[PDB]
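To keep things simple, chains are lettered A, B, C, D, E, F, G, H, I, J, K and L as they appear, and every chain counts its residues starting from 1.
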């Protein structure tokens, strides 16, 4: 259905934007605990790319047309823009946490309709939520107060 | 130097645009001889991602500031936009060949200044142009009729 | 739960019959773009065998009695018979697409009944839908004209 | 959410107790099919450890605090204690079957609440039920007669 | 030659029947020494599937048409029909021994004509014979007494 | 001898308690320099589990009876308990260092009695010292101030 | 000595086939290009392995190999290959014809080589199997029905 | 030292005899738990071969002359000769247990002089004792009753 | 087929004696070009062990009883005894060449009688000839002068 | 350009001739220190084949026509012919060194034009010079006497 | 030429000194963020060893005489002396950054003559500069504050 | 204790000097058996580096500080100097044998105090002696007269 296709397209553009932001932060981060932040951003980008590809193949299987162009992503993404200069570790961790939370929350919005329509795709969304939440936890644990 | 940083930034944004659009074509292509294009476009995307990461790390080592944001890519890329909807294999082969030719032409234009300033970065450009030209040959040989 | 056992037996019989047809077509197919089909049918057979074994072991865990005999498969399968001679690639692609469609439609009918009892087996069926539909798309894209 | 944390803590403590008791049986089992039981119990312990780690990371990523201390396990576990000395093969198979049945029963009680609140955790619990039931079948098949 | 194709088709259909028999027994076997029988039957199925695929590819290379449909298997198989329900260890090992012996006996009768016509295919037949005989030894040696 | 068996059982209890407490710390740790501790405590738990299994199998080979039940561990362990809530990274490093020091000092007491009978087991005890002391240094170096 | 001569004739044909496969691998264009490109590389690898196996076996049987380029050019029986870009159908046809000639000479030598040494007969049987499988797997592209 | 050479020669000849015994039993064993015995005897043969090679290379490094000839082994080894025909499971397990016990007893007598002269070789002896005793446990634990 | 069994026993005895002599030379060889011989004799022993195991399992599959005892191989082997002291590289090369020639001569002599009954075993004999003759060529080329 | 195409064609035919030459020497060489040269020539052949394939793919990418036919190689090669029959190792090393030096001389002669035209291809020639010179040293230092 | 040999010898001794000093720092680094520095210094040592070996093999191929003795390194190195004892992480990061900068600066000075004489060796120098600069950036970014 | 630390430092500097001279001989050796010595010395350098790192980690764990600087090695090492020119293979083999003998002599000298203070460290020294003596034999067997 066109509604299902549109929801999956909104998820896909958010995943692509998240991957691009992760790579940009991976390149442009400075500060403490550099090696771990560097490796974690790479792992997150790999996982996000794999999830985006899986969504693309599934949505193709359901006979929909994907929209993953750069202009389309820039026009329809929901993630906030990222700073273009070198950033401290606390700031980049905070920004990554916020972006991951927004990406997860969009999927949590669409989950009800996706489960009502196709449990097979609901399972892929469940796996994506699991992976993204694990990544978000392991990153956000750096800046915890206690 | 800022001009050197800008010359590398143009290459970086071109590679990111190429990778995203190659993934788009990988998801979207249908028609005769589908599987060969489906696999080779994935290989092209992998190579483009590796090259973009290599350029980002090298230019960071040379103390410059990357701009890999989606908005920046959309605003300052040189590759023409990818047409939407399902496309035939011949058309996608032609479009990918033209775009890879544009990218390698950009590499050729920047190569003079890059070699004049840093031979180490010139070597990375040589490797990238070699790989991209090999990919371009393997793609365009599909549509050749002799 | 005799109804659960019968439903899972109907699933397994169709999976085994489809695997046999896939192997026969893999051995028999010939024509334009032969190699891609030759490899993809092998991949589909491997996936079908993995799914059939997984279903059989799950249904064993639930204390049911599987029936995987050749006579039982031939007597209780739902998929149509396959041509016995050399077939063109377009025809074999169409036949394989029809077979995958019938198999996934069978799981679609049994889905609600099996989810009424066991969400765990529902998850396995979701995975089978994901894989089979991905294979169906990747094969049917061969004959698509647009 | 505190109730959710409580159910997940019960799951984690049951899994930890199962792993410890399985290692006990692994070191202690003597009798016929000794090598078979030795390998299978090691596989069961490995799977239980993987599942316990997955559950712990999931619930802690959902902002809960795990309690996997030995005193907590002893005080709040639900599995009955293991024999103290060398046991026959049939007896240890029966004991392990009973332990796995109790664990999966607890998971089944928790399943309703987890499906009510977080489908992502429900999916992990489904996978755990699948793995534990497969192991239980493979173990209990030793003692079953015709 | 048509007679050569007929003998190779007989061997192929026998191997397919053996693979189906092995998988069914693998799923269904219950009793003593169960884990080892479970692993050995899976190994036998893997070997039988590889041999059947090898014969199919060879006969296709020699310009013959294979017949691996389930209906054809049921109509032209030579292995006697297998029990329907759960069976003890002695019964299953004895039955598997009888089917393997029947298969190798059929291959033995075909071997004379195959060696008369094509020694290259005769070598593949020899490999199948001794692999199957090794598997038969490992299986029947369980029931043997002193 | 029963005294040797009791000493080995006491060592095994300490190893199991250390592994469980390490997993607790791995789950519950939070604060600055997270990922390093998160990976390193997992490595320590893996090594401790390997050592505990090896020592259990060795003591079984020497014809003794292991006691690895949760109640037995809680009743006869020597390592003091772990905090039940989220702790700072410096504190968890200090506690883990203390636990490892207690465990290795227990081995230091038991070593003379072990070597008085069995140099082969003394070698395994030496290996345990090597691994645990390397891990202890690798953890304690976090808070070292020169 | 005749045994050595037959094995030398086999070896030069295998080397020529490997060179033919590499040439077609580099110089092929048209439809199904990626599949033909991979298949020809696999065939070249198999031909090189078979040539090595024959060379080492015949060395073990105390003969003197002749695998020089001049010797191959003077003694091989495979037809000459075109030196320009060729369509895929023509490439498949030419490769099929060359493989058929190569397996034909092996079948011709098989009787004497098996009568003299079953161990070498086994290696030649394996080579026949592999090359015939490759021949079918390539020639299936241009089949009519 | 000639006495050192003689002790290590006795060790080597005993290891070679044990390897031959294990391989013969591996080929010849028939009865219950056949596949487990077949795998374990192969593992024991592999371990014995590795240990024999290690002892030979160590003794050669210490400027002695190894004697691994079959005639020397037959004339010098202390392990009693094996049955010549097919043997039952209990009998072969008992025979292997007795052979391993004799070998480790010989190693124990030699270990005193070995530790007196060269601790480096004493370490290898300890490793061999550990491995052989573990294998002996996995063997003799088969026939043990409660 | 007692004659067949005796022939296969003669093959097995020769292979075992060859492996033992190869290990002895591998331990004892010394002189110019030492390392190449040291590695190649190890490879020869590995191949001989593989061949001996293959022959033993094949003759077990043919319902025969092998005799691989040390006394049996010493009293039945045909290979000449090996020097017991340090030997020059040329001498050990000559001795190994002679031993391999005797071993392959035995197989060539028994080949006609073997093929008179079982072509599958004849195939294994062909493979053994191939491997042993390759090893013989590599050994003999060391001392060749031209 | 045709002159550049011919410049690379000379390199290609020289590499193919070198590969066949190395294979001939690998098969034919006998004498002292056999195994070292036997493995080294195989490594040389592998490197030459990889380099020839790389040059062929690059020159295809740059839209030229390879001529790798055996007749073309024989007619236009530059390496001296290899004498037949069995040759001593010293003569083989001398001839291989001379031919590799000739190939490196050809590469160096064409390198000026190649670098003036295409730096990407110049890099490939640099890599080939590195590899071939390393092989030349690793072979020629055999015959060196201080 | 002797000048080229000396220019390469200076780079070789600098690389050896850098590798030894990196190992020194790997051993005596303590403080906050220990593990990341501990791993990065090991990676740097591995890269330095690989580069030093590559330079040694290349300069050997070009018929020069290496001087990698400890006395020669101590006498002719250019890197400043590394202070002993345990050092804080900030200080060791600064020291390693300064040393890598000195090494790459020396390589930059020698690059002109190296490129003027042998472009192949210039390529190796380019690769070494790339790797060392990447490592230097990845280490120095730890201490950066923005 | 300071004496323990000093002895471990004496061992470490000897290992580092041995590794450096091994690399020098690896680069510098020419003559017969060149490939054999080239591989063997590379293996010895790898082993020496691993052993030196292991000693550094252990003595760090025991709260001591290493001195592995180039100046410290040159001032404190006990190994004789290595020639700086091209040497015959016999001479380099003799020199390496002498160096290994000196290195193992130092460790055997310190072994008494090391065992009196820490059996675990004595075990590491035993392993180092075993490895170094094996390498020493495997090298010096080249130049043996008889």
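The rule we apply is simple: contacts are C-beta pairs under 8 Å (C-beta built on N, C-alpha and C of every residue); 3 or more make two chains touch, one makes a residue touch a chain.
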Between 0 and 180 degrees and rounded to the nearest 5, what angle rotates chain F's CA atoms onto those of chain J? 180
In terms of contact pairs by residue number, which of D-H, B-J or B-C shares over half with A-D? B-J
Hey, how far is the Cα centre of chain B from the one of chain G, in Å? 39
What is the distance in Å between the mean C-alpha positions of chain G and chain K? 51
Find the geometric centre of each of chain E and chain K from their Cα atoms only, then give the gap between the two centres in Å, rounded to an integer. 63
Residues of chain J engaged with two or more neighbouring chains: 33, 36, 57, 60, 86, 122-123
Per the touch rule, the chain D residues reaching chain C in their complex are 111, 115, 122-123, 126-127, 129-130, 133-134, 136-137
Applying the document's contact rule, which stretches of chain E touch chain G when the two form their complex? 57-58, 60-62, 119-124
Give every residue of chain J touching chain G within the complex, in rising order. 16-17, 20-21, 23-24, 27-28, 53, 56-57, 60, 65-74, 77, 81-82, 84-86
Would you tell me which residues of chain B are touching chain C in their complex? 29-36, 38, 86-88
Tell me, which parts of chain L touch chain I in their complex? 32-33, 36, 39-40, 138, 141-142, 144, 146
